[PDB]
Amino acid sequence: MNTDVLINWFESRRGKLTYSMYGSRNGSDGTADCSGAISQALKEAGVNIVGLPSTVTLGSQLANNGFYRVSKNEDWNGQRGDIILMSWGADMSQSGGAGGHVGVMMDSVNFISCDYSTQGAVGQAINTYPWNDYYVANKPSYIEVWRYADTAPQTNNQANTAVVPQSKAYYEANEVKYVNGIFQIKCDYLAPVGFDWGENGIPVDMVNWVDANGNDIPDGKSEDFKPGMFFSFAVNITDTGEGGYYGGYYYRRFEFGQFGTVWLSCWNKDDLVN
């Protein structure tokens, strides 16, 4: 991904595009919409976007092309090339038409996009604002921010268990947090980029406590499991058989009983467990 090319696509078209969801979408007829513009810029920047996705499907294409989420409806440390998807529904599945927007950070402060902020004035589709001001003005109910993993050619859409081999199937808890009514683990080895508690958090109640050398120890209460403690996996852990790409890695979708789905960067349940 050539970030200079991505941002120059927008900067070079200030004064030269008109906003429309009904024309070429990508500026080839002098008109573009938000998602056609970013898709075209991303292609020109060397990202293999197929067609001209909407805001409903762009995230999935970014995940398959080495990007990961740095924010889901949170504050974050902005950097040039971050791609912001936003909705006026609960997530991007509800972002069709005027319900969705997308643009790109030029730097830690300024956001550029093809938008309706100039009410469709001729030539005036490409607009730049400080993100903090754009957000308070436009008030989307959901935002997600995508960032390219520069390691994506090297990790090559492999499971992190293959990228970073370890002989022992046990893991460290980097963070332990009460989320959605249960104590859960953030394990950086299993979720190496773009961790999200909802997508990647591991229920403490479904792990086996082990010492720093992987030796089985007695399982304490879940509210007593701490960051820097270790764990392994010994029947209510289900491999759904569904895989996906994200941030240049393979992830596998598990289900932890009624606690729901957990995506982890290993090939399958046999790679995960002891």
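Numbering starts at 1 and runs along the sequence shown.
Can you say how many deposited residues have no coordinates in the span between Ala234 and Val235, choosing none, 1 to 3, 4 to 9, or 10 or more? Missing in between: 1 to 3 residues.
Higher average CA B factor in the deposited record is what I'm after, so tell me if that's 215-223 or 26-34. It is 215-223.
Of the two stretches 163-171 and 79-87, which shows the higher Cα B-factor on average in the entry? The recorded data point to 163-171.
Whose CA atom has the top B-factor in the entry, of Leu190, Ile112, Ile202, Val136? It is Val136.
Going by the CA temperature factor in the entry, name the top one among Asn73, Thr151, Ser117, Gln158. The record points to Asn73.
Would you check the entry's CA temperature factor for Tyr246 and let me know if it's in the chain's lowest, middle or highest third? Within its chain, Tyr246 is a lowest-third residue by C-alpha B-factor, going by the deposited values.
So where's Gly181 on the chain's Cα temperature factor ranking, which third? For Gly181, whose C-alpha B-factor we compare with every modelled residue in the chain, the answer is the highest third.
Looking at the C-alpha B-factor of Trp209, is it in the lowest, middle or highest third of its chain? Answer is highest: the recorded C-alpha B-factor places it there.
What third of its chain's C-alpha B-factors does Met229 belong to: lowest, middle or highest? For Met229, whose C-alpha B-factor we compare with every modelled residue in the chain, the answer is the highest third.
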